[PDB]
Amino acid sequence: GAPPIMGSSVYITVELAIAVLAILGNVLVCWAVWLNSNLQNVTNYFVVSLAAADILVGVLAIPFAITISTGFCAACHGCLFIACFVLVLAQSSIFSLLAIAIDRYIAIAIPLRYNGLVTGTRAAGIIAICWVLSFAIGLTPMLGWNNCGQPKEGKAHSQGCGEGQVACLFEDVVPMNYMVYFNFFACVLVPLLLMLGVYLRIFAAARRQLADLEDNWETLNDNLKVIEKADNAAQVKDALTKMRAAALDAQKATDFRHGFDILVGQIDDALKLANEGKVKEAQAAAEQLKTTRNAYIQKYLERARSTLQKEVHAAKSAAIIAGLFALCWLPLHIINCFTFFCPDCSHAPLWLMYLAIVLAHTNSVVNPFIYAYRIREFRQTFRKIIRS
Ligand SMILES: CC(C)CCC[C@@H](C)[C@H]1CC[C@H]2[C@@H]3CC=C4C[C@@H](O)CC[C@]4(C)[C@H]3CC[C@]12C
Ligand SMILES: CC(C)CCC[C@@H](C)[C@H]1CC[C@H]2[C@@H]3CC=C4C[C@@H](O)CC[C@]4(C)[C@H]3CC[C@]12C
Ligand SMILES: CC(C)CCC[C@@H](C)[C@H]1CC[C@H]2[C@@H]3CC=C4C[C@@H](O)CC[C@]4(C)[C@H]3CC[C@]12C
Ligand SMILES: CCCCn1c(=O)c2[nH]c([C@@]34C[C@@H]5C[C@@H](C[C@H]3C5)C4)nc2n(/C=C/CO)c1=O
Ligand SMILES: CCCCCCCC/C=C/CCCCCCCC(=O)O
Ligand SMILES: CCCCCCCC/C=C/CCCCCCCC(=O)O
Ligand SMILES: CCCCCCCC/C=C\CCCCCCCC(=O)O
Ligand code: NA
């Protein structure tokens with residue numbers, strides 16, 4: 001058995017490197033949101049709440065992980081806090097990820113009432129409530145659901161611990177059924193599955209709106225061909241009524257107002273000539289619609305299509321962050337399941353344990369890179385902060 005401090009030094013040095021990277025990167029995120037008013041929206045307030053949790057990982061959680069890896073002697077309830085505080089930060093991350101996904105669903109499904117519904121003052125209260133719940137969930141072992149009542153006395157006497165103290169080790173103070181049933185399944189697995197369903201609805205809503213824009217565009221062009229090769233006033237009237245309804249739908253479904261006023265007015269002109277039985281005069285009046293379509297309607301169709309694709313792009317960025325969190329945290333939770341569900345399986349090796357813990361801490365580093373690589377406003381702001 002090699003001296004423990006040797007393998008400890010590699011684990012401690014890697015953890016300190018992660019803390020430095022987590023603090024710097026996420027301080028840059030908060031500094032960007034504080035300075036740039038274009039980044040000051042409800043969605044980024046949860047981002048700052050998410051960066052706040054990751055900053056606290058480097059300042060407190062990682063030093064707590066280094067401390068509890070030594071097995072030092074401590075009072076059990078004080079040991080519980082050092083062991084469980086990272087669960088509070090992880091829970092706060094879950095609430096901030098679920099909130100971003102919900103905020104993005106509201107923006108894309110009901111954009112007409114998003115500004116009146118999702119305000120800044122309400123977002124601050126949600127962040128405050130989600131942090132209080134995160135403490136309640138993460139520090140639940142301190143409310144009684146712990147192993148403090150049954151200490152490993154032989155392990156404490158071998159390490160010179162005093163009376164009322166224990167060897168502070170995670171598995172000895174935090175019960176595994178809490179970590180598996182309460183923390184992982186209920187408070188981590190279920191919310192992540194909810195986020196997956198929310199993002200499925202977002203992308204499904206985005207795809208449905210883009211076929212609607214294209215379907216009203218084809219309906220506009222197809223009925224124009226029908227009018228040109230019609231042979232009676234009733235066929236011209238049938239296509240004009242379906243265009244007037246389709247034009248109106250675009251106006252509701254959202255210079256813009258003037259272009260549709262011309263389009264509906266020109267359809268009414270040809271509709272009146274069709275009801276009077278003047279077929280040739282209605283076809284010529286319907287030909288004027290192509291001028292309005294080229295100068296107004298097509299230009300609006302590429303802006304509406306451009307805005308939706310930007311909402312899809314922002315939605316994938318958010319989804320990536322959520323997926324990364326799961327990727328970074330699943331290994332640790334899966335190891336807990338093997339130990340809890342299979343007591344006959346051999347223990348997970350010590351090196352693999354600290355690899356999974358280090359992987360879970362690395363999630364506090366990755367977010368600021370995603371913003372830089374996927375969001376122009378954050379990346380531009382990062383450069384300004386750095387250069388200056
Ligand atoms: C505002 C921030 C920086 C304050 C940080 C407070 C932290 C560092 C404090 C608060 C509670 C403290 C713990 C409370 C009780 C005990 C029991 C004792 O037998 C060993 C130390 C131990 C385990 C303490 C370690 C340090 C501790 C975790
Ligand atoms: C997000 C997705 C991956 C869902 C998470 C699935 C988790 C809960 C699954 C995936 C693999 C599963 C483990 C696979 C194998 C074993 C060994 C067996 O002797 C007891 C159950 C146990 C320990 C399973 C427990 C639950 C488990 C960890
Ligand atoms: C979410 C993605 C990255 C999947 C992660 C897969 C990881 C977490 C899986 C793959 C193989 C797994 C190991 C396979 C076999 C054993 C031996 C058993 O005696 C204890 C658990 C242990 C040591 C498992 C721990 C978890 C493990 C390392
Ligand atoms: C990012 C921190 C997440 C919270 N967390 C855990 O979830 C966690 N599970 C475990 C194990 C090891 C052994 C086999 C399985 C059951 C128990 C006992 C795994 N040890 C953990 N530790 C600390 C470890 C020593 O430093 C821990 O901090
Ligand atoms: C919405 C949930 C409310 C937020 C969670 C806060 C719960 C309020 C009550 C807290 C009491 C906790 C006191 C724990 C001390 C335990 C002492 C001991 O067991 O030895
Ligand atoms: C871990 C135990 C979980 C604790 C559950 C307790 C339930 C607390 C839930 C609170 C959410 C409601 C917030 C109400 C704030 C006021 C809102 C308002 O004034 O408009
Ligand atoms: C900006 C915030 C600064 C806080 C970080 C300070 C550095 C923390 C580094 C290591 C913590 C480990 C100290 C105690 C380890 C256990 C040793 C023991 O008591 O037996
Ligand atoms: Na996080």
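Residues numbered from 1 in each chain as written, not as in the entry; some residues may be left out. Chains lettered and ligands numbered in written order. Heavy atoms only, no water.

In UniProt, the chain has this text filed under Function: "Receptor for adenosine (By similarity). The activity of this receptor is mediated by G proteins which activate adenylyl cyclase (By similarity)." A UniProt comment under Subunit (literature references left out) is attached to the chain, and it reads "Interacts (via cytoplasmic C-terminal domain) with USP4; the interaction is direct. May interact with DRD4. Interacts with NECAB2. Interacts (via cytoplasmic C-terminal domain) with GAS2L2; interaction enhances receptor-mediated adenylyl cyclase activity (By similarity)." (UniProt positions renumbered as here; feature names shortened; annotations may be inferred.)

Chemist: Please clarify how the site of ligand 2 should be interpreted in this entry.
Modeler: Near ligand 2 the following residues occur: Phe184, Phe185, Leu189, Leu330, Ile334, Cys337, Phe338, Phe341 and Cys342. When the free accessible area of ligand 2 is taken as 620 Å², the share hidden by the protein chains comes to 51%. In terms of residues, the shell around ligand 2 owes the most to one element, helix α14 (residues 303-341), which gives five residues. For the shell around ligand 2, the per-class residue count stands at nine nonpolar, no polar and no charged. (Near = heavy atom within 4 Å. Areas by Shrake-Rupley, 256 points an atom, 1.4 Å probe, with all protein chains shown as cover. Helix = DSSP H or I, 4+ residues; strand = E, 2+ residues; numbered from the N terminus. Nonpolar A, V, L, I, M, F, W, Y, C, P; charged D, E, K, R; others polar.)

Chemist: Is there a simple way to think about the UniProt feature "disulfide bond" in the chain in this case?
Modeler: Here the bond UniProt gives for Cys73 and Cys161 holds up, since the two sulfurs are only 2.0 Å apart. One end of the pair, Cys73, is in strand β1 (residues 73-75); the other, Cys161, is in the loop between α6 (153-158) and β2 (165-167), with 88 residues separating them in the sequence. Look at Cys73 and you get partly exposed, because its relative accessible area is 25%. The UniProt disulfide joining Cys76 and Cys148 is present here, with an S-S separation of 2.0 Å. Taken together, the positions of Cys76 in helix α3 (residues 76-109) and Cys148 in the loop between α5 (120-138) and α6 put the pair 72 residues apart, joining distant regions of the chain. Neither residue differs from the other here; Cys76 and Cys148 are each classed as buried. (Disulfide = S-S within 2.5 Å. Buried < 20%, exposed > 50% of the residue type's maximum accessible area, 1.4 Å probe, protein only.)

Chemist: Help me understand the environment of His347 in this model?
Modeler: Examined against the element boundaries, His347 turns out to sit in the loop between α14 and α15 (350-374). Taking the C-alpha atoms as reference points, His347 and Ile320, 27 residues apart in sequence, are found 32 Å from one another.

Chemist: How should I be thinking about the site of ligand 3 in this particular structure?
Modeler: Every residue lining ligand 3 is accounted for by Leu330, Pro331, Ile335, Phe338, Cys345, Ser346 and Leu352. Between ligand 3 and the protein, one listed contact pairs an oxygen atom with a backbone N or O atom of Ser346 at 2.4 Å. Within the complex, the protein chains bury 55% of what would otherwise be the 610 Å² of accessible surface of ligand 3. Per-element accounting of the shell around ligand 3 gives the leading share, four residues, to α14. (Polar contact = N/O pair within 3.5 Å; in protein donor to acceptor, adjacent residues only side chain to side chain.)

Chemist: Before we go on, may I ask you to explain the UniProt feature "transmembrane region" in the chain in this structure?
Modeler: UniProt annotation of "transmembrane region" refers to residues 10-34, 45-68, 80-102, 123-145, 176-200, 318-341 and 350-373 when read in the numbering used here. For residues 45-68, helix accounts for 100% and strand for 0%, while the C-alpha atoms at its two ends are 32 Å apart. End C-alpha to end C-alpha, residues 123-145 measures 32 Å, and it is 70% helix and 0% strand.

Chemist: Before we go on, may I ask you to explain unusual backbone geometry in this structure?
Modeler: What you tend to see is this: most non-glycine residues have negative phi, and most peptide bonds are trans. With a phi angle near 35°, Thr254 is a residue other than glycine that sits in the positive phi range. Residue position: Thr254 is located in the loop between α10 (233-253) and α11 (256-275). On the accessibility criterion, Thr254 (44% relative accessible area) is partly exposed.

Chemist: Is there a simple way to think about the coordination of the sodium ion (ligand 8) in this case?
Modeler: For a metal with four tetrahedral donors the ideal donor-metal-donor angle is 109.5 degrees, while six octahedral donors give ideal angles of 90 or 180 degrees. Taken together, the protein ligands of the sodium ion (ligand 8) are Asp54 (OD) and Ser93 (OG), with distances of 2.4 Å. One end of the pair, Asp54, is in helix α2 (residues 42-68); the other, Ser93, is in helix α3, and 39 residues separate them in sequence. Accessibility classification places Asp54 together with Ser93 in one group, the buried group. (Donors = N, O, S within 2.8 Å, 3.2 Å for Na, K, Ca; no water.)

Chemist: In this structure, what is going on with the nonpolar core? I would like to understand it.
Modeler: The nonpolar side chains of a soluble globular protein tend to be buried with one another. Membership of the largest hydrophobic core comes to 93 residues, with the highest contact counts inside it found for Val173, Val174, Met195, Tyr199, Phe378 and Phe382. Secondary-structure elements contributing two or more residues to this core are α1 (4-35), α2, α3, α5, α8 (176-209), α14, α15 and α16 (376-387). When residues of this core are assigned to their parent elements, the largest contribution, 21 residues, is made by α3. Sequence-distant contacts of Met195, that is, excluding residues within four places in its chain, are made with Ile94, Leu97, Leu98 and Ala322. Membership of the second largest hydrophobic core comes to 27 residues, among which are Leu240, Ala274, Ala282 and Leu289. (Core = buried A, V, L, I, M, F, W, Y, C linked by side-chain atoms within 4.5 Å. Contact = heavy atoms within 4.5 Å.)

Chemist: Just to check I follow, could you spell out the side chain of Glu15 for this structure?
Modeler: As for its placement among the helices and strands, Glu15 is situated in helix α1. Buried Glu15, no salt bridge; nearest opposite-charge side chain is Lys155, N-O distance 19 Å. There is a polar contact of 2.8 Å between the side chain of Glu15 and the side chain of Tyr11. Residues contacting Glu15, with those up to four places away along its chain left out, are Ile62, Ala65, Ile66, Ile357, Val358 and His361. (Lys, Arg positive; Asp, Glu negative; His and termini not counted. Salt bridge = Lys/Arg side-chain N within 4 Å of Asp/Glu carboxyl O.)

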